[PDB]
Amino acid sequence: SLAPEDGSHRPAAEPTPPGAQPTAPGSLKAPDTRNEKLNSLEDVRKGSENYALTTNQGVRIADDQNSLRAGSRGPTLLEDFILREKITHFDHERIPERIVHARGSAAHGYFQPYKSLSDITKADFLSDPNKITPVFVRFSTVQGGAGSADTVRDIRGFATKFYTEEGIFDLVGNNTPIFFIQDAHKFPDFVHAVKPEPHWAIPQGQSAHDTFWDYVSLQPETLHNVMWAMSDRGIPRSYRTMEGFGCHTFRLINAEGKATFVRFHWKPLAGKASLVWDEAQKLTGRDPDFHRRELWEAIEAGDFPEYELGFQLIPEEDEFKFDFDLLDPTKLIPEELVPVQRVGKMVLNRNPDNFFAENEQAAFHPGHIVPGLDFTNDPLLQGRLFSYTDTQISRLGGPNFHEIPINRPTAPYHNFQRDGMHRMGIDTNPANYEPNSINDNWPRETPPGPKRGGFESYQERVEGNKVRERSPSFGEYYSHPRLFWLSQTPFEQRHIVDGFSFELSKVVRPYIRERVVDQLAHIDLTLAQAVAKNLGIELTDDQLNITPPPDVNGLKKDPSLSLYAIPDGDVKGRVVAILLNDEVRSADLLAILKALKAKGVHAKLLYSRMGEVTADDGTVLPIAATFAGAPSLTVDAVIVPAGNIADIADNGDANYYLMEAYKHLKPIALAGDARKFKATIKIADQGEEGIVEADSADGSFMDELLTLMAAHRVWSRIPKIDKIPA
Amino acid sequence: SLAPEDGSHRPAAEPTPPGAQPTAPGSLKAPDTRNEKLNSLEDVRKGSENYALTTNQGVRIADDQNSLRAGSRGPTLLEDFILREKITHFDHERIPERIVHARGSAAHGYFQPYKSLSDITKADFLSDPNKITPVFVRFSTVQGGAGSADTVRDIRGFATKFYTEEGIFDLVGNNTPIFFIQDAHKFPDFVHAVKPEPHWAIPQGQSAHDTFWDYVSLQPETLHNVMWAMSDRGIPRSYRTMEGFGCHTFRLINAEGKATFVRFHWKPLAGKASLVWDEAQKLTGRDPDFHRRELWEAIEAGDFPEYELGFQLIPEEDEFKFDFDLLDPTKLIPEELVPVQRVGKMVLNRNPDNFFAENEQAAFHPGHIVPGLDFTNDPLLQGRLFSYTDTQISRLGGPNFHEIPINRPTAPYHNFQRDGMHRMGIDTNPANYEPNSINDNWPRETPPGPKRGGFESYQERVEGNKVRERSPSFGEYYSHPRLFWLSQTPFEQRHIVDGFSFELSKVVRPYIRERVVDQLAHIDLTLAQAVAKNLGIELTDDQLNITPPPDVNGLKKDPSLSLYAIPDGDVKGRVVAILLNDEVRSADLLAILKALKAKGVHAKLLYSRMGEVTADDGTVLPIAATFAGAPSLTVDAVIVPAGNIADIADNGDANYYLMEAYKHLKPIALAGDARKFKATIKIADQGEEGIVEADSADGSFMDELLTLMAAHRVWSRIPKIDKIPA
Amino acid sequence: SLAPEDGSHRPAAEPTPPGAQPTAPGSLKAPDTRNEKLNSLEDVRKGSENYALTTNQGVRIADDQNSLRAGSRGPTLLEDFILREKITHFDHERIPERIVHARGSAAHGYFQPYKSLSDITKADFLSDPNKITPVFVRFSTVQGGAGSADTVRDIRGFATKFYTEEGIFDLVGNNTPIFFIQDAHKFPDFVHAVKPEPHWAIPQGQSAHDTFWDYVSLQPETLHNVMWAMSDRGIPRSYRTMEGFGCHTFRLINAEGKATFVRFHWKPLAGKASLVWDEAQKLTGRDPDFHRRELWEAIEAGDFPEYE
Amino acid sequence: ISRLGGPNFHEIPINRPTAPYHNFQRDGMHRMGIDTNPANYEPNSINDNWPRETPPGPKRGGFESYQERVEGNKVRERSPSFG
Ligand code: HDE
Ligand code: HDE
Ligand code: HDD
Ligand SMILES: [S]
Ligand SMILES: [S]
Ligand SMILES: [S]
């Protein structure tokens, strides 16, 4: 019952392109990739090769195939302690999933700053460009359970645990720069409204249902993040190709005591890229693990996810200078008003070893700050500070969750806390209280100061009465949705319209749809009309007369809010499907793979069955998957080389493959006789922008294809796709 | 600095007698003591000197005296994460206590066999006299909570975790050879009956209440262990001075596959010794921690608890050779029939560092056996096998309780179990199932064999129908209680009578006392009538004529059942109270302490206040405690040296000290004018056995006293004590 | 039938002095003592007389004396679900005890105001002398575990849950008018200092040890409550004979929104009385359940604890 | 015990029998039923031994296992009949 003689069960411990080898635990795939945190886990990493199988008490097992019974057809005996331990451990494997962001995918990596930031913050991890800080990052959706699908329409979470020399800092952000609501007290109302409805627990992974649109219609403060969610920002192509934001105004505190307001950003160095809805939705069924898989395989390939940390910085004296409140988390700060300053780079370069132990049990919380950082009175942030420590008590089984290996600081920690369930640390301190004389008061308080100091809160002035009241400055709900809307390209706007139209069409109570359209009329009449038309709703005269909200501090638009308006394509790490026939022209394939390899673009070789095919020159080509097994949803572009095209010309799956890729705006390249497929997608002889064609696959042919892929999708094709039945 | 300039806050890191230094964590008290298990806990030991006080996330705290508030008289702010982390950990410090044996005290040590036992067992830890096995031993009561008193009347637990090279072996025993009930299905009934009654949760740490004696009167199988409990066995002097027993027949299995029946024994090398009831009960008030204290201080002094492991061995073909069933856990195996064969020595030589982490969290379970041992069909043991795994899932929070440091095997452990709450080990195996080819099937099963082989159960024959039935062979309840009774000395018998008499006086419903007397009449008429008289009950003529039960395989007594029939006194580690006066005779004191030192007996110098007094010759004598502070209950003998006896002669506390000690049968020694105290305890001028007296404290004065301490108590004094008002 | 012919196993359901009858669950001792909260608990009370013994799933048990085994001297079978359910429930009976005040004794009663307080508070339970509010009160020590002794020297807790028509109000007090410490941030320090020390877990129910006095000597804010604990306040004769205090300044608020500062008091109508130290300490050995017993029996006897 | 937080999962309303249930089991996390029985053990005299075991019978009887014959050695072995 053993490994094959040829050793093909075991993946090479070298970088390999997606699909070339089975995937593996990080420490086995990439044993030479290290950082301080990864090394500190060595105490708890457990191997397996050459070891005897045992109980958890260290007793060797002789027969792991059978229960102990009285005769070989008899009843199982209660003295079988081996059976009961095994079954007991299995019976208790599951722990509660996260209340939100239950679905998530994580990796290890490192961060370093570009230059010292000591003029604006005394945070040790930002103090030296050569101080390297280990990170563990988890990306997530929001609404769905841990076994829901990745490519849903939803906000995405982007949480970073920085293991700094002065403690853990968790930057717990999302992929849009705002949230749906203003005050933490409403968080359970909002989350309950977006989650599956309580009678029947439907729908999973979807805001497209009555309760969510009911809440939105009744709480116009939600409209800004709903605009983001209905745009293609809601359906990213990859965790590598979305932005991150810290959601609130926080403070930086420098050694002199100066406070600067800051908002945090992550810029994807692979560029901004999203799916289209039909693709995204169909992909939740063809591969509900697509983003998890893609993240893992990118890292195994050496296409390490890289992100640039950036800060929007506002001096304390400028708090009131905008037409929105800095502490309102439904408001963004336009980069045209306050530019993002580049701060440093984060590289994710190793996968975990065990998903449960490292991902599922990781606890991130935005209250985990360090000296040099501080909070503000953002009333959403304020409430978050209570929740992320509280929730761990049931999720991770008690207050010793910092001792779970993934959560442990690499910085020293010593204090007078004791006991709690599954206490690991054995304290030797004679004292468990301070002040004490019996241990000469160790461990001791440390004064604040420029570096290695104790934490002190910035002495912000507070003046006001004890009130449950929303600040009047928070009472404006339409100008930021409108700024976002006007900043999108015409195709992005169309996709926003289609997102609202699709979602409200699944709301069963029609008055809810009407009320949401009325809200849309307060943002932009063009948007409101286009949604209304799809829902068979007619705007009233009064609605047609609603005055649009004011510009945001004079802005008519801010192109940094669009995914696509300013080119930022990076093809490295993208993937092409290559549709084989049973006699591929090897000259075409040679040139195709050469050009792809030169830009770091991967290929998957697809056929109508598995196994191998032989090219015209005898080259044997292993088949990664069938046309149906790896649909065009999973790739960025499709190439069909020349050869025995008759072999696949009438294959329904091969034809469909191209109709689907065409519909979803992906570049297609057809060489030699593969040009016969132009008929399936109705391309005129003259050709079409977005379809690359020539007698063979050459320099020019690949250059054109790769240029298209740098632009992500072929937006000009959109008018031509209504008609395709796919 | 808060520590005193003279360093008097820090206990000397060397062996010191009780009271000489404050007690300390083990690793600080005795840093040079080691064994394989203590070494392996180093990775979780946390120090404190010279470290900064931090959060659990490693963030330094500047002010650990105040919450964060808006103004120094203002409200506490939700953003104070340092306060909430500290208070959250505190709020969740407690875990469920053990269902039974909640009260207990534990120490590290080591075990070594005297010779290889490979002819009778393949257990690795018994294979080589050079093989040294680390242990962790917890002693306990049974009924009371973790916060109940030590010197209650109750059974005691004696549990030993052996960290062997072939797995953990837990020997989970008690301090009597049998149990109260026959089948594990009744364990919740009997435990509910002894435990505090469910309406009002009274009484703590006591079987002296109606529900206990109701159950016993209705379940005569209980009477054997009840006899043990009512004897002075139920109130041991120390955990160092009681026997241990494994309770059941288990099996040894040798390399040839031969099974031998075995019962386990621990023999205390300090000898057998118990309190008397009045002393034990008062001591639960004066020092409810006395046995926990005595154990910790013995180890700190170098009076390491030592026990000899012993086996009663019965060949398989001898299963039915006795008057009782070997599988009946209410039956003992008399040493007169089957001798205890000596096996090895165990020494407890290090205290824990943190009581919660090491003691409270330790999990012992008798199903934890190793190759070379196996179970039998004892139907109480059979049900134990289920409980001790199950109970851990609530008590220790889940199925990874073997990853809590004290519970970890030192032997290797590898298998395919994954996840659960508090998962520490990060498994790198590509497989989490077997058989697998993707990891060449590792970790792998191991065939049984003479050494380092997999566990295989002994192939015992089973034959019968599926029944809920007690074996008829278990239906005899009186012969063992009778054997035990007849094996006791006349003074041990009197204490048994008084134990029943006192307990049944606290049963409110008179018919329950009557029913128990009826049971005693089935065991022994003398015993029954003597109880009856104390309760004002008269035996009927039918009761007077009940035939006594048969002897046990010809035996009319077995002196190994008596605590005192056969002297096994050892004075090392006992303690003497020395009653000071303001002008002590130094020549007496010098001679007292010299003789006590030579035999390893400790002393405490007591007076009417703290501080010092000065001897006749200027020597400054430090006072340990006041007469009231350290009552006679806590020592084994009392010595009063000569001098200014007038100083203390009319001190009520000093006179009462001698009265209490006299009542409790302790040796008393009076030198010179301290002979004046003879009037307070009514001693005749010619003296009496058990009272040492002379003009001065030597020649043979200390030898006489030490001879009396070797015999533990002055049993001959019993008739004199009823006259003394104490 | 196992009960005695003469029926002497069953306590009379009438008030009786201490020791005259066996004590009993309160709904069997005093079936006709009612209040709104006692009545509302009827849905969960379970009786026993005349019912068949069953599993928790409602299956009647024939033999509650034995496990199922292959032969009457054979091995116990894994299919014995009756045995396992019974042992499973047993194996999981315990829950964590309270971090502090683990030792405590409780009773049901009622509260009624002497006059309307609407001039100073809109609290509904204080709005009319006719407003009867059920209460459940728990008295406690502070330091010891749930199985520690009653007559230790310690602060006592006095916690009252008022089941009002406008919500639960809990008045969570102690038997002295102040506390040891000023700021909550130090509570784990002070509690760790008074609790059994961490290396060896000694001593139980006692402040008489190095770490408590170490903290006190370093934190003079403690000295006021320390004086109270060292006085005979720290060893009450009975929960019926001690005072209660709300510890903090709270506020009353009236219908006009006017705030008045308030501190709360409970005045024992049985008067104030404490033990002496020697007696209290010895009592922890002779009857560690003394105060729990004395409260239960006072109620059984009609000596109802009353406090103003 | 982990999924539903302890041994009182039968008191979670959907899981409750509609048949009567009474026994001597007590406590556990989330305990809802308040037992008034003076006894929490059997055999007991203080509550005249209630609730009481019930003999097997044709209807409303106690559970008794079928007395199937068992015969063999204690083995971890698959029956050859299963291969
Ligand atoms: C700006 C990014 C953001 C915002 C605005 C919020 N979440 Fe998150 N969340 C928890 C509670 C919580 C509250 C009370 C609020 C506003 C009042 C937010 N969220 C908004 C939580 C219950 O504490 C949570 C669930 C499980 C857990 O451990 O914490 C939680 C999760 C969460 C994650 C997942 C972190 C991870 O484990 O990967 C992220 C990225 C967010 N929140 C972002 C976030
Ligand atoms: C023979 C020595 C002995 C015997 C015969 C029994 N106990 Fe013990 N016990 C548990 C259950 C249990 C059952 C089901 C039976 C007979 C059916 C016995 N006991 C008799 C337990 C409830 O599972 C227990 C509670 C905590 C735990 O982990 O297991 C348990 C405790 C216990 C200890 C304490 C070990 C320690 O932590 O110090 C000891 C020495 C015994 N039992 C001995 C024992
Ligand atoms: C900051 C933490 C903290 C602080 C400063 C205090 N308490 Fe407390 N108290 C707790 C935290 C706590 C607790 C940990 O939350 C407990 C134990 C578990 C429980 O349910 O609450 C509790 C229990 C508890 C009880 C027992 C309730 C019961 O019987 O079930 C009483 C009577 C008090 N407290 C009273 C006081 C008094 C009079 C205080 C000072 C005037 C005080 N507490 C300060
Ligand atoms: S946010
Ligand atoms: S036993
Ligand atoms: S207080």
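So that the names make sense, note that chain A is the first sequence line, chain B the second, and so on, each numbered from 1. Values reported hereafter were calculated over all heavy atoms of this structure, with side chains retained and with hydrogens, waters and symmetry mates removed. Numbering of ligands and ligand atoms starts at 1, following listing order.
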Steps toward salt bridge (charged side-chain N to carboxylate O under 4.0 Å, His left out) verdict (B:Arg156, B:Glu243): CA-CA 10 Å; B:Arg156 302 308 198 277; B:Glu243 302 179 300; over 6 Å; no
What residue and atom, counting heavy atoms only, is the protein's closest point to atom 32 (C) of ligand 1, and at what distance? A:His101 CD2, 3.4 Å
Between B:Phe169 and B:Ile369, what is the shortest heavy-atom contact and its length? CD1-CA, 4.1 Å
Counting N and O atoms only, with roles assigned by atom type, does the side chain of A:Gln382 sit under 3.5 Å from a partner on the main chain of A:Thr376, one being a donor and the other an acceptor? yes
Check whether B:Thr176 reaches the backbone of B:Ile178 with its side chain - one donor and one acceptor, N or O, closer than 3.5 Å. yes
Please report which non-hydrogen protein atom sits nearest to atom 40 (C) of ligand 1, along with the residue it belongs to and the distance in Å to one decimal place. A:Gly173 O, 3.3 Å
Among non-hydrogen protein atoms, atom 8 (Fe) of ligand 1 lies closest to A:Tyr388 OH, 2.1 Å
With no hydrogens and no angle check, just 3.5 Å: does a side-chain donor-acceptor pair link A:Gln392 and A:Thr389? no
Do the numbers put A:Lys331 on top of the ring of A:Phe324, so that NZ or CZ is under 6.0 Å from the six-membered ring centre and no more than 45° off the axis? no
Protein residue, atom and distance nearest to atom 22 (C) of ligand 1, heavy-atom basis: A:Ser387 OG, 3.4 Å
Under 3.5 Å between some N or O of ligand 1 and some N or O of A:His248? no
What is the closest protein heavy atom to atom 28 (O) of ligand 1, and at what distance does it sit? A:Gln392 NE2, 3.0 Å
Once you restrict to heavy atoms under 4.0 Å, what part of A:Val100 touches ligand 1? Side chain, backbone, both or neither. both
Could you say whether the N/O atoms of A:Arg98 and ligand 1 ever approach to under 3.5 Å? yes
Quick one: nearest non-hydrogen protein atom to atom 1 (C) of ligand 1, plus distance? A:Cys247 SG, 1.6 Å
Is it the side chain, the backbone, both or neither of A:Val172 that has a heavy atom closer than 4.0 Å to ligand 1? both
